[PDB]
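Read through the structure below, which is laid out as structure tokens, and then see the notes.
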Amino acid sequence: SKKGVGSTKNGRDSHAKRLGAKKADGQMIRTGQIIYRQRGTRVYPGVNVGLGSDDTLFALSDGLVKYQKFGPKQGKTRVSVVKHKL
Amino acid sequence: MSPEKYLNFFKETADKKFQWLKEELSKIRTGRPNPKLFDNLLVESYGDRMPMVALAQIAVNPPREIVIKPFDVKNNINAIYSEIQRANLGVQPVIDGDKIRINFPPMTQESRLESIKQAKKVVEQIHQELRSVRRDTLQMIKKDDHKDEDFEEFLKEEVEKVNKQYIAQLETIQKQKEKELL
RNA sequence: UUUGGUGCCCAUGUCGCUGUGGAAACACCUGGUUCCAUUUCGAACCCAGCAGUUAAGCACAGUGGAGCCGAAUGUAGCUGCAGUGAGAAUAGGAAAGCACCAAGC
RNA sequence: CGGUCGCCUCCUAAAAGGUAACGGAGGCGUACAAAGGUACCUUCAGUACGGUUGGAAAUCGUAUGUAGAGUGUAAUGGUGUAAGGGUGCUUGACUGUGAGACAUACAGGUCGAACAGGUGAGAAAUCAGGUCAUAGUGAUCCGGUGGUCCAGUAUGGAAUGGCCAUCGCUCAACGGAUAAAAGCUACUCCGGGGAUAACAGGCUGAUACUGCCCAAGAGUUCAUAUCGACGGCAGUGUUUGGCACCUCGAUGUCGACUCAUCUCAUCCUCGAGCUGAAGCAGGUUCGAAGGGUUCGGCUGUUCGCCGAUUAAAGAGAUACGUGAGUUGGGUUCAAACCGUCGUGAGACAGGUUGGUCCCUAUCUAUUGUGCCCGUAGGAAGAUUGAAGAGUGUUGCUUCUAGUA
RNA sequence: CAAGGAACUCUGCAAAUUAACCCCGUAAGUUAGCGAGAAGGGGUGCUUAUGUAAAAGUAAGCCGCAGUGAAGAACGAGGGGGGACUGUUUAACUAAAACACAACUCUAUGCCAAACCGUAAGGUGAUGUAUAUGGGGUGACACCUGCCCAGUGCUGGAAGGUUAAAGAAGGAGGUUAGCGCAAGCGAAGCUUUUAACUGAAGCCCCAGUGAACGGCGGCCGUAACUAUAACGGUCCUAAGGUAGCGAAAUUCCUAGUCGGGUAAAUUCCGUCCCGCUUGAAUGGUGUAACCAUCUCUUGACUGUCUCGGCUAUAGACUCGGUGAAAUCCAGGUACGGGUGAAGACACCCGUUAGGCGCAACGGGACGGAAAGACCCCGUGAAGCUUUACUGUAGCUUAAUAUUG
RNA sequence: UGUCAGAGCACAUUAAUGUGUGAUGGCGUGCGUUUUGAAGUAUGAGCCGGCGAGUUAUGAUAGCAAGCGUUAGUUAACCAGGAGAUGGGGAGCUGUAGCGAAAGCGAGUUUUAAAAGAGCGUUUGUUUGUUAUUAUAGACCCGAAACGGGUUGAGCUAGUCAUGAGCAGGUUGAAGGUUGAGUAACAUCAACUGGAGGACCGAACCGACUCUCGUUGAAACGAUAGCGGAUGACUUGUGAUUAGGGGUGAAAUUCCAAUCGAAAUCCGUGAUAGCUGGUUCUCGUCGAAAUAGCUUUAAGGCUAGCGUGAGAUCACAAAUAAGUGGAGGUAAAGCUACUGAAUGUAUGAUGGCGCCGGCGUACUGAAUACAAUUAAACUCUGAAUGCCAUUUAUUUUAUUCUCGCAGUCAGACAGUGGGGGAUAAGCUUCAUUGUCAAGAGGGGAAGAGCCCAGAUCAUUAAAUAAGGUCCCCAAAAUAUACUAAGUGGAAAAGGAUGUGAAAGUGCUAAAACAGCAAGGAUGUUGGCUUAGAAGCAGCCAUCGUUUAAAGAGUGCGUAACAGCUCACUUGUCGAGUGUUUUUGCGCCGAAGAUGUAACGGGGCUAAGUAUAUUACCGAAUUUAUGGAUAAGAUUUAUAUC
RNA sequence: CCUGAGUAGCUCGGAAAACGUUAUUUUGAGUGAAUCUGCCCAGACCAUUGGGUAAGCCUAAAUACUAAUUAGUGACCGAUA
């Protein structure tokens with residue numbers, strides 16, 4: 001019935017950090033604004049994209065965000081800053 | 001050891017103890033159909049100690065007799081036939097060709113009484129020693145798990161039920177000995 | 001439009017196999033005499049030149065060999081029993097392509 | 001009692017992000033003048049081929065190998081001339097900042113263009129405000145250390161106070177109540193809970209019991225005369241359970257005596273069929289609930305064991321039925337001892353001795369008996385039977401006949 | 001109340017059985033006092049006489065069914081367990097296996113005694129005087145009290161280290177008179193600071209004290225197997241329970257085995273000794289007698305029972321008088337199934353019931369009193385214990401004034 | 001326990017379709033309470049009458065109004081008077097410059113070398129009146145066990161002291177000594193003195209161990225029947241005696257006035273109560289949450305989010321549809337594209353071994369090829385949906401901000417995807433989609449979470465939704481088949497010439513199946529072997545011969561045999577003859593105890609089921625009319641939307 | 001010549017001070033000055049400066065309060081208050 005408990009050996013995790021992207025396609029953004037959170041490079045930096053020491057990807061100029069495919073079989077993803085009408 | 005490993009060690013020791021107990025209870029006087037009653041008693045072949053399985057074969061054609069089959073009928077059957085008589089049997093044996101066929105009429109009520117008494121006392125000694133080993137295992141367990149009471153109690157009844165199962169097996173074998181005694 | 005370098009894409013592009021070719025070249029090739037260089041050494045590199053070659057890199061042709069890629073059906077998966085729409089398998093192509101400059105042509 | 005309280009990594013988490021779990025998997029309470037940076041140079045592991053000791057494995061030469069190598073590390077990944085190795089040079093492993101974003105209740109934590117000055121790396125453009133990244137850390141009160149263009153109780157100083165920097169504090173229950181605090185109370189009590197108890201009751205049927213099928217085989221043979229694994233299907237609620245529920249401003253129980261009832265998965269009495277059913281004694285499967293199915297010793301013990309007896313001494317349910325029908329023997333108040341444990345109050349899911357069971361019946365149901373009316377003018381007898389209820393136990397001996 | 005006679009039952013609870021007087025006889029044990037009314041039998045009347053101060057007793061006759069004719073009169077024996085006993089015990093649950101108890105043992109106290117109380121005089125102790133008082137424990141009598149000072153507590157010891165308040169050997173600094181170009185040095189007053197050294201008691205240190213807390217083992221080889229343990233080696237400890245007893249108030253297994261008991265006895269009696277967790281004054285074994293002590297057996301004994309019934313009352317019922325209580329949202333207050341916050345007089349479905357009573361007896365209205373009291377929680381309370389914390393009574397030590 | 005009605009009866013009023021009353025029809029399981037929630041077997045309430053629980057003093061904040069108003073307002077205190085405003089009274093304060101720790105500076109300050117860059121500054125208000133909130137005050141009402149202080153109780157028990165009393169009666173006969181006998185003397189024996197004995201029986205008395213009765217008692221511990229003591233450890237009277245972090249205590253946590261882990265009394269104290277309980281006029285409008293984080297924390301409390309009210313923003317904001325764009329790595333699918341696992345087969349590595357570097361390796365099996373695979377933490381790939389931003393169109397002043405007041409964290413249910421548990425549980429944990437909570441109604445047999453659906457009120461008006469149409473009970477029939485189970489209106493695996501339909505499948509009037517007749521042999525008793533199996537114990541091959549036909553024998557049956565019988569082939573007669581598969585409805589499997597008890601019932605072979613038709617009924621839904629009114633707008637006629 | 005000696009004071013524990021011991025004040029214990037040339041204080045203290053010279057005492061006035069008397073009042077309660 002009511003037996004002993006303890007040593008479940010599992011059921012532990014950490015605080016789920018808000019990781020992923022930080023911009024939406026179609027948004028007019030400015031320089032110094034963060035676009036993506038990740039480890040390593042699952043999303044590759046395009047033009048005017050800077051890297052913050054926590055493997056953060058942010059914008060370097062003012063313009064629109066767009067996505068592109070590259071790689072031998074186009075399985076890799078780039079994010080490019082296509083500037084607005086200027 | 002773990003509590004389950006404690007049970008495993010206790011079960012190994014109890015299996016050895018049961019081999020011992022079966023060995024003693026076999027030799028104890030019954031209606032005497034036990035193949036191991038004769039097996040644990042060595043025979044004086046030409047003045048030397050010999051076993052039976054390594055020398056002959058055992059069988060039971062009727063359910064009141066025993067049959068001994070040796071290889072040699074001129075040199076080996078006599079060495080076992082002489083020691084079959086004048087023993088705890090108390091019956092006159094005969095030889096039918098290459099096999100000794102020994103009948104076992106039921107024991108008298110008095111000799112059966114001492115035989116049952118001594119068998120029960122042997123089982124009692126085995127019981128006391130098994131419980132002593134169980135208490136030793138419980139001492140190692142109280143050196144082992146001294147934390148959650150509900151778990152230590154679970155270990156207590158685990159050991160208790162293992163002991164009860166082995167007691168049941170030993171008692172069933174005792175009942176078998178008593179029934180073949182009839 | 002041929003050659004060399006090089007620009008975008010970053011194997012439908014590739015790897016490999018059978019040949020041709022270099023006049024100008026690009027290349028091998030001849031030396032460490034000079035600045036420089038080797039965890040060492042003219043191997044690389046930098047100085048300076050073409051005696052010899054299309055060999056190889058290189059380019060063009062053929063080769064679909066390996067690998068890459070891949071026509072349609074439907075269901076699979078799903079969204080209020082109709083739509084949504086696969087993957088896989090298959091025919092199969094692809095022997096890369098878009099350019100710029102300098103000369104030869 | 002266990003384990004945890006803080007923080008990070010994967011699934012869970014259902015393709016934005018994110019989402020709980022006492023769910024499934026691991027760690028941190030860091031390391032480094034290189035493992036930061038700069039400029040330059042360089043490219044796998046593994047496998048294969050051939051070689052002194054020397055091989056499976058020491059290494060080299062080459063090919064091949066898409067990087068499964070390696071990245072200070074837990075996991076996530078990425079990392080194919082890179083985020084990795086080698087060389088040289090400094091330690092931007094800057095000062096004051098900072099527009100602006102992130103994430104979020106606060107506190108905070110994350111990145112940060114770009115500016116002024118100064119540098120470092122490289123001739124250089126450019127890079128450098130720590131490491132490819134995420135854990136890697138404790139506020140505040142108080143206290144100490146150095147400096148300060150701060151004040152100096154009338155003044156002058158000084159002491160002392162103030163600002164910046166710095167250090168102490170597993171406040172690890174890690175957002176932390178003081179600088180500083182263990183247990184027992186069956187001597188206990190107060191307020192609360194069916195949201196958190198034991199029982200009952202209720203859901204589920206894992207388990208327990210029962211039924212069934214498949215039939216290898218055992219059974220001279222022949223699965224199913226009698227069984228039957230290896231395996232499953234189910235059912236019952238009935239044993240053990242899971243449940244945290246209408247009920248805890250109260251549903252009193254274990255047992256013993258009394259009242260029994262209903263049901264069948266029938267024990268006997270009733271009937272039928274098959275046989276590994278010569279007879280007898282049977283086994284077997286079903287219909288089958290009318291009646292009945294013992295006494296004594298021990299245990300508080302229901303139960304259970306033993307002896308004797310009938311044809312048998314069946315099984316469940318009704319709040320482990322039955323105190324607004326009796327008792328408390330045990331059980332579960334203090335009281336006391338024995339053995340053990342805690343040093344100590346005490347405790348034992350140990351034994352041991354005794355140790356308080358309330359009720360003037362309101363209503364319904366329920367067993368008897370009356371009052372008024374009805375039964376159609378009033379009165380008195382006799383009825384049919386509408387409807388049910390009681391009741392439906394059974395042994396022995398003899399004859400047929402020692403006959404078949 | 002015919003018979004049985006503990007068979008009912010946790011158990012002879014209860015009840016019955018026994019009684020008063022006289023005459024026989026009365027055992028084991030015995031510590032000589034008891035046991036003893038032991039165990040068991042006979043008679044108790046009327047009249048006459050023998051009889052004595054009075055009787056008692058005896059002889060003859062007299063019968064009743066029976067003659068302390070009525071009255072009130074211990075039932076007894078054996079076994080086991082505990083306690084010595086007579087006794088005190090929770091007023092109002094528990095009368096004891098508890099406590100007390102004489103006795104035994106240990107300890108302290110030399111007088112203005114220790115001790116206890118009070119702030120303190122002072123007082124009991126005690127107006128006592130170590131054969132007295134106080135405490136600790138064991139609790140007739142007899143025989144013993146085995147080992148261990150590891151740790152603790154106490155006593156004794158002083159070297160060694162360690163030790164306050166306080167005293168001052170001494171150091172540093174400020175203010176500024178003055179000296180100084182500045183810087184700075186710096187007399188005297190006050191200023192501020194604790195360090196040489198002294199600083200007790202005490203702690204660490206060393207021995208004894210266990211009838212002071214208390215505790216008082218394993219591994220391997222070897223005994224006509226052998227798990228056992230007679231034995232021999234090893235490890236650990238301060239020593240490893242010696243004696244004695246040993247399913248006991250202790251033993252889980254266990255209802256252990258054995259014999260008796262019992263037709264049949266989880267209880268009982270003795271025994272078996274590896275004894276979960278026995279054990280020697282937190283005492284152990286025999287132990288005479290005794291217990292409103294507990295348990296088992298036994299002769300008798302009985303309506304406890306087998307198996308219940310009758311006689312009289314007080315009620316219960318009626319009549320006359322008087323006459324309250326708990327409960328109480330309101331009701332005209334049926335049945336079965338389902339449903340529900342999971343147990344429906346009110347719900348839905350079908351069934352039946354003229355209305356109102358009285359007498360029993362109480363299924364139900366989860367009947368009544370008792371805002372849970374069983375269990376849990378509350379940053380609840382209270383008491384109790386303590387190496388929980390902090391204080392503190394008391395005791396003890398040093399300094400200083402008394403005090404030369 | 002009444003409503004909507006209503007026969008009839010008797011009346012006649014605030015004269016009005018009136019009142020009273022109801023034979024009878026339809027309908028209908030209280031109020032607060034707290035919970036996710038009660039007709040509730042959850043609690044309280046017998047009823048009635050009064051009474052009965054958010055005030056005040058001060059201060060601050062917020063709203064509205066006012067006075068003054070850009071150095072004004074305003075007085076604290078104090079004084080004159082009616083207990084009065086008022087006047088006299090500027091004591092001070094707020095707003096009129098902030099920055100910096102402060103010095104100090106200042107339309108700039110601080111950080112800083114720097115006003116670089118950043119912070120704030122770069123300027124409005126004062127005081128009263130109303131309401132609300134907050135703060136100090138006990139501060140809505142009530143409920144604790146509790147602590148200390150100041151006092152009273154020893155008359156009850158206990159304890160001792162001094163004074164006394166008391167033990168009816170009858171017993172037994174100890175120790176001690178005298179005498180005599182005995183003994184060396186003792187010891188001992190008998191009589192006597194003697195009457196001791198925590199001695200006996202047994203009055204009174206003391207205490208209350210046990211049976212029964214009693215249990216709102218006659219009794220706040222009794223009645224009666226038994227019991228012990230009843231010469232001392234004896235009971236009692238009188239007076240004093242010891243009092244509550246205290247006494248007393250043959251000790252039990254005993255007693256201390258029927259009550260005591262420490263009495264009662266008064267006060268601090270109205271202690272505290274995250275826990276219970278309650279909290280008294282009307283109406284209108286809007287109108288959530290049971291989630292997250294933190295917490296000496298899980299019942300509580302703080303912040304968010306949310307609702308509401310005032311203002312502004314008022315379309316760049318927010319949604320609703322249409323479209324574009326991105327990510328994912330979910331599902332699926334695959335896993336010589338990995339990760340782990342794992343199987344069938346081939347050459348077969350390493351090879352053990354055998355073997356004179358080969359020879360067989362009949363075993364392990366590299367890699368490869370083979371066809372399949374399992375994965376939430378497997379992914380070469382790889383969806384959809386959804387989410388975000390974005391464009392077009394509608395709507396809103398708002399899902400934007402601030403301000404004031406909040407409220408909730410104990411949710412539950414149903415569906416989806418799950419996890420745990422067992423893809424057991426009306427169970428737990430989650431996310432999502434709806435409901436109740438917080439909102440009723442119809443269907444659902446009655447039912448909080450299911451379906452249809454969102455209720456101003458009156459209707460004796462219409463269209464309907466879900467759903468239903470034999471009757472109860474408003475509401476339909478036709479035709480096609482199936483059904484004989486009452487399936488409908490519990491069931492599982494398995495089984496079945498049930499049955500209907502569909503699809504194909506051989507013969508055939510030269511006569512198909514069937515019914516029945518005839519043969520059915522043979523080497524041959526084939527052999528292994530059973531003393532005894534040879535067509536049939538067990539095993540092995542299981543053929544040819546003649547025949548239309550024939551099996552070392554289809555079985556039965558035998559110790560063997562034998563025999564019977566069939567497949568096989570023929571025959572009599574002559575119209576149907578088989579499984580091959582898939583679907584509708586069926587049957588069994590299906591035994592438990594208040595009463596049928598797994599359609600609501602009566603009943604139903606249609607009134608059952610599926611199939612097409614036109615119908616109908618039917619909701620607080622929608623529409624209609626009438627009444628009031630809220631928010632808004634033309635506008636003040638008091639009209640409309 | 002004098003002006004208030006166990007006095008001010010220093011130390012060990014204190015308390016009051018808003019102050020939880022800090023200027024200042026007081027003492028249970030120890031210690032203990034100068035004589036207005038002096039001292040106290042000016043929140044440690046020191047110097048200058050300022051002020052007053054403790055170590056004796058008294059003091060109507062505004063001050064709280066009603067137990068009551070006298071007269072009067074109550075945007076006080078009306079026999080459950």
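Each chain of the structure tokens is named A, B, ... in the order shown, its residues numbered from 1; ligands are numbered from 1 in display order.
Residue list for chain A within 10 Å of chain C: residues 70, 71, 72, 73 and 74 of chain A, counting only C-alpha atoms (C1' of nucleotides).
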Export of the given selection (N, CA and C atoms) as a compact mmCIF listing (two decimals), in the first residue's frame:
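Below is the file again00.txt, written as the result:
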# COMPACT_ATOMS: atom_id res chain seq x y z
N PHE A 70 21.35 27.70 -48.63
CA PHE A 70 22.67 27.49 -49.20
C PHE A 70 23.17 26.12 -48.76
N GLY A 71 24.30 25.71 -49.32
CA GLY A 71 24.87 24.41 -49.05
C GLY A 71 24.83 23.52 -50.28
N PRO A 72 25.56 22.40 -50.23
CA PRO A 72 25.63 21.52 -51.41
C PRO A 72 24.27 21.02 -51.87
N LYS A 73 23.36 20.74 -50.94
CA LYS A 73 22.00 20.35 -51.27
C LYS A 73 20.98 21.35 -50.74
N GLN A 74 21.43 22.58 -50.44
CA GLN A 74 20.56 23.66 -49.97
C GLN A 74 19.85 23.27 -48.67
**Q.** Near-residue C:78 list (8 Å; only C-alpha atoms (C1' of nucleotides); drop same-chain fewer than 5 positions) as a ChimeraX atom specification
**A.** /C:84 /F:331,384-385
What are the closest atom pairs, with distances in Å to one decimal, for all residues of stretch 88-170 of chain D lying within 12 Å of stretch 46-70 of chain G? Consider only C-alpha atoms (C1' of nucleotides), order rows by chain and residue number, and present the result as JSON lines.
{"residue": "D:154", "atom": "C1'", "partner": "G:50", "partner_atom": "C1'", "distance": 7.6}
{"residue": "D:155", "atom": "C1'", "partner": "G:49", "partner_atom": "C1'", "distance": 7.3}
{"residue": "D:156", "atom": "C1'", "partner": "G:48", "partner_atom": "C1'", "distance": 7.6}
{"residue": "D:157", "atom": "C1'", "partner": "G:46", "partner_atom": "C1'", "distance": 8.4}
{"residue": "D:158", "atom": "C1'", "partner": "G:46", "partner_atom": "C1'", "distance": 7.7}
{"residue": "D:159", "atom": "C1'", "partner": "G:46", "partner_atom": "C1'", "distance": 10.2}
- Can you pull out every residue within 9 Å of stretch 86-96 of chain C, counting only C-alpha atoms (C1' of nucleotides), but drop anything in the same chain fewer than 6 positions away, and send it as a VMD selection string? (chain C and resid 11 to 14 63 to 64 69 to 71 75 to 77) or (chain F and resid 332 to 334 381 to 383)
I'd like to know which of E:317, E:113, E:272, E:328 is closest to chain B, using only C-alpha atoms (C1' of nucleotides).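 Nearest to chain B: E:272.
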Would you list the contacts of residue F:391 as a list in words, taking every protein, DNA or RNA residue within 12 Å and counting only C-alpha atoms (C1' of nucleotides), but skipping same-chain residues closer than 6 positions in sequence?
residues 26 of chain A; 322, 323, 324 and 325 of chain F
Produce a file of the selected residues containing C-alpha atoms (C1' of nucleotides), as a PDB file, in the first residue's frame.
ATOM      1  CA  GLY A  26       8.246  41.695 -42.539  1.00  0.00           C
TER       2      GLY A  26
ATOM      3  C1'   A F 322      -8.493  37.106 -48.006  1.00  0.00           C
ATOM      4  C1'   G F 323      -3.080  36.658 -49.502  1.00  0.00           C
ATOM      5  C1'   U F 324       2.060  36.575 -49.400  1.00  0.00           C
ATOM      6  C1'   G F 325       6.662  35.277 -46.685  1.00  0.00           C
TER       7        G F 325
END
* To do: Residues of chain D no more than 12 Å from chain B, counting only C-alpha atoms (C1' of nucleotides): send them over as a PyMOL selection string.
  => chain D and resi 1-3+349
Counting only C-alpha atoms, which residues of chain A sit at most 12 Å from some atom of chain B, and what is each one's closest atom pair with its distance in Å to one decimal, listed by chain and rising residue number, as a tab-separated table?
residue	atom	partner	partner_atom	distance
A:1	CA	B:150	CA	9.9
A:2	CA	B:150	CA	7.6
A:3	CA	B:150	CA	5.2
A:4	CA	B:150	CA	4.7
A:5	CA	B:148	CA	7.8
A:6	CA	B:148	CA	8.7
A:7	CA	B:148	CA	11.5
Closest-contact table, chain F side, partner chain A, 8 Å, counting only C-alpha atoms (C1' of nucleotides), as a Markdown table:
| residue | atom | partner | partner_atom | distance |
| --- | --- | --- | --- | --- |
| F:325 | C1' | A:25 | CA | 6.8 |
| F:326 | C1' | A:25 | CA | 6.0 |
| F:388 | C1' | A:24 | CA | 6.3 |
| F:389 | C1' | A:24 | CA | 4.9 |
| F:390 | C1' | A:26 | CA | 5.0 |
Prev. selection, N, CA and C atoms (P, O5', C5', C4', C3', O3' and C1' of nucleotides), output as a PDB file, in the first residue's frame:
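After the write, result_31.pdb holds the following:
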ATOM      1  P     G F 325       4.613  32.757 -50.982  1.00  0.00           P
ATOM      2  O5'   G F 325       5.660  33.184 -49.862  1.00  0.00           O
ATOM      3  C5'   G F 325       6.611  34.207 -50.114  1.00  0.00           C
ATOM      4  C4'   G F 325       7.302  34.644 -48.849  1.00  0.00           C
ATOM      5  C3'   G F 325       7.699  33.533 -47.894  1.00  0.00           C
ATOM      6  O3'   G F 325       8.891  32.877 -48.282  1.00  0.00           O
ATOM      7  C1'   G F 325       6.662  35.277 -46.685  1.00  0.00           C
ATOM      8  P     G F 326       9.088  31.312 -47.976  1.00  0.00           P
ATOM      9  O5'   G F 326       9.823  31.298 -46.566  1.00  0.00           O
ATOM     10  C5'   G F 326      10.901  32.183 -46.303  1.00  0.00           C
ATOM     11  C4'   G F 326      11.141  32.327 -44.824  1.00  0.00           C
ATOM     12  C3'   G F 326      11.168  31.029 -44.034  1.00  0.00           C
ATOM     13  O3'   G F 326      12.415  30.364 -44.119  1.00  0.00           O
ATOM     14  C1'   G F 326       9.822  32.619 -42.909  1.00  0.00           C
ATOM     15  P     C F 388      -0.385  34.723 -34.176  1.00  0.00           P
ATOM     16  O5'   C F 388       1.002  35.430 -34.511  1.00  0.00           O
ATOM     17  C5'   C F 388       1.950  35.695 -33.489  1.00  0.00           C
ATOM     18  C4'   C F 388       3.319  35.956 -34.065  1.00  0.00           C
ATOM     19  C3'   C F 388       3.390  37.031 -35.136  1.00  0.00           C
ATOM     20  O3'   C F 388       3.424  38.340 -34.600  1.00  0.00           O
ATOM     21  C1'   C F 388       4.565  35.120 -35.868  1.00  0.00           C
ATOM     22  P     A F 389       2.269  39.393 -34.974  1.00  0.00           P
ATOM     23  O5'   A F 389       2.934  40.302 -36.098  1.00  0.00           O
ATOM     24  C5'   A F 389       4.215  40.881 -35.899  1.00  0.00           C
ATOM     25  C4'   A F 389       5.034  40.846 -37.161  1.00  0.00           C
ATOM     26  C3'   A F 389       4.414  41.522 -38.373  1.00  0.00           C
ATOM     27  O3'   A F 389       4.608  42.924 -38.373  1.00  0.00           O
ATOM     28  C1'   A F 389       5.250  39.398 -38.990  1.00  0.00           C
ATOM     29  P     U F 390       3.431  43.905 -38.856  1.00  0.00           P
ATOM     30  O5'   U F 390       3.342  43.653 -40.426  1.00  0.00           O
ATOM     31  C5'   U F 390       4.461  43.887 -41.268  1.00  0.00           C
ATOM     32  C4'   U F 390       4.275  43.237 -42.616  1.00  0.00           C
ATOM     33  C3'   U F 390       2.975  43.564 -43.331  1.00  0.00           C
ATOM     34  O3'   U F 390       3.021  44.808 -44.006  1.00  0.00           O
ATOM     35  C1'   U F 390       3.341  41.231 -43.396  1.00  0.00           C
TER      36        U F 390
END
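If you measure from each of D:133, D:34, D:57, D:93 to chain A using only C-alpha atoms (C1' of nucleotides), the closest one turns out to be D:133.
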DSSP strand (DSSP E) residues within chain A, as a PyMOL selection string:
chain A and resi 20-21+34-37+44-45+49-52+56-59+64-70+76-82
As a check of understanding: the span from atom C1' of residue F:417 to atom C1' of residue C:79 is 15.4 Å
Inset, instruction - Mind checking which residues fall within 12 Å of stretch 339-352 of chain F, counting only C-alpha atoms (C1' of nucleotides), ignoring those fewer than 2 positions away in the same chain, and posting them as a list in words? - result: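 These residues fall inside the cut-off: residues 56 and 68 of chain D; 335, 337, 354, 361, 363, 364, 365, 366, 367, 368, 369, 370, 371, 372, 373, 374, 375, 377, 378 and 379 of chain F.
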Can you check which parts of chain E lie within 10 Å of chain B? Per residue, the shortest pair of atoms and distance in Å to one decimal, counting only C-alpha atoms (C1' of nucleotides), sorted by chain and number, as CSV.
residue,atom,partner,partner_atom,distance
E:225,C1',B:24,CA,9.1
E:226,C1',B:20,CA,8.2
E:227,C1',B:17,CA,6.5
E:228,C1',B:129,CA,8.2
E:252,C1',B:160,CA,9.9
E:253,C1',B:131,CA,7.1
E:256,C1',B:124,CA,7.4
E:257,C1',B:121,CA,6.4
E:258,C1',B:117,CA,8.2
E:274,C1',B:129,CA,7.6
E:276,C1',B:135,CA,6.5
For residue G:10, work out the shell of residues within 12 Å, counting only C-alpha atoms (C1' of nucleotides) and skipping chain neighbours fewer than 4 positions away, then give it as a list in words.
residues 30, 31, 32 and 33 of chain G
List every residue of stretch 5-110 of chain B that DSSP, applied to the backbone, labels as alpha helix (DSSP H), and write the result as a PyMOL selection string. chain B and resi 5-27+35-39+77-84+109-110
All residues 10 Å or closer to residue D:214, only C-alpha atoms (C1' of nucleotides), same chain fewer than 4 positions away omitted, as a list in words = residues 231 and 232 of chain D; 494 of chain F
- Query: What is the atom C1' of residue F:245 to atom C1' of residue E:385 distance in Å?
  - Reply: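 Between atom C1' of residue F:245 and atom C1' of residue E:385 the gap is 16.5 Å.
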